[PDB]
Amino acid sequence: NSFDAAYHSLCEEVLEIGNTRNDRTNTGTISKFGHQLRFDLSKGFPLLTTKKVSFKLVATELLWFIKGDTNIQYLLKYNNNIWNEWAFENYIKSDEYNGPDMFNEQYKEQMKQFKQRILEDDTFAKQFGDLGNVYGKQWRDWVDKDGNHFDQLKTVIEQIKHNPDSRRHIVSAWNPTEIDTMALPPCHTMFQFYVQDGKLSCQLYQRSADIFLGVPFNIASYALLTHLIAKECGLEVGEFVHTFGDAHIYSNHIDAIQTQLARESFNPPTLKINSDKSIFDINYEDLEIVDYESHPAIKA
């Protein structure tokens, strides 16, 4: 299938022509700079079949960004943990955390009890569960000097609806004045929407991509985004175009990738949004992945 094939190409290319380099994580990567993939969303939803990718995690995180929630309770409600450490690293400093300094036994335990309290205590949730360092902010809430809030996402839905032909369907997630502070500054620096023959397309620019762990996930995020915008502007879906800067496979992943590349695909699933509510009122329950079949998951 074309989606898997696209990604298999990228994997293959990086293995063949990539350059061996050190990285900030001291893991080492084999890497290529600049690369472009395409995905026809008319051929279904591009959730990889040669390795399980979790629609729940992807859809939950993305709706979490688009709702402009910065509070990890919503994520925990669905058992999405992705952003747990980021918030834990705040909990551990304060006049609340009364456990060991932040062995693998203890942390693992201590993560649990934290998670516990964010769910069960509402007001402890508001307390620590609200990290603010995310995409969800950059999209819906960007500040100018004079304290005005801009909302890139609303604006582009209105400009797509009433001036489709424009070439300024841009959403940036890169604030130059917020980088040096940033926990982990964005990998998805900005994206662009395009409209032709009633079809919407999206190109993303990812400055930095972990091919084994991140791409598959992100591909799914940006495919789902398109679909959402598309539906909200009453359009059909076109392509997602995925542009990379540093596309890298970590050295601890070569085998994991090798195993993957030796697997044959299944047909891709399809996606249903079962509602006519504004996509900012859309809940995870309103999304449906039909006949998703994948080979099981691979491990680091």
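One-based numbering along the sequence shown.
Unmodelled stretch separating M102 from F103: 10 or more residues (count of deposited-sequence residues without coordinates).
Mean CA temperature factor is higher for 287-295 when stretches 287-295 and 21-29 are set side by side in the entry. Averaged over CA atoms, B-factors in the entry run higher in 270-278 than in the other of 270-278 and 57-65. Residue-level inspection of the entry shows that, of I219, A173, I211, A183, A183 has the top Cα B-factor. Among all modelled residues in this chain, the alpha-carbon of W142 has a temperature factor (C-alpha) in the middle third. Sort the chain's modelled residues by C-alpha temperature factor and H227 lands in the middle third, per the entry.
Remark: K108 belongs to the highest third of its chain, ranked by C-alpha B-factor as recorded. When all modelled residues of the chain are sorted by CA temperature factor, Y78 is found within the middle third. Sort the modelled residues of the chain by CA B factor and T70 lands in the highest third.
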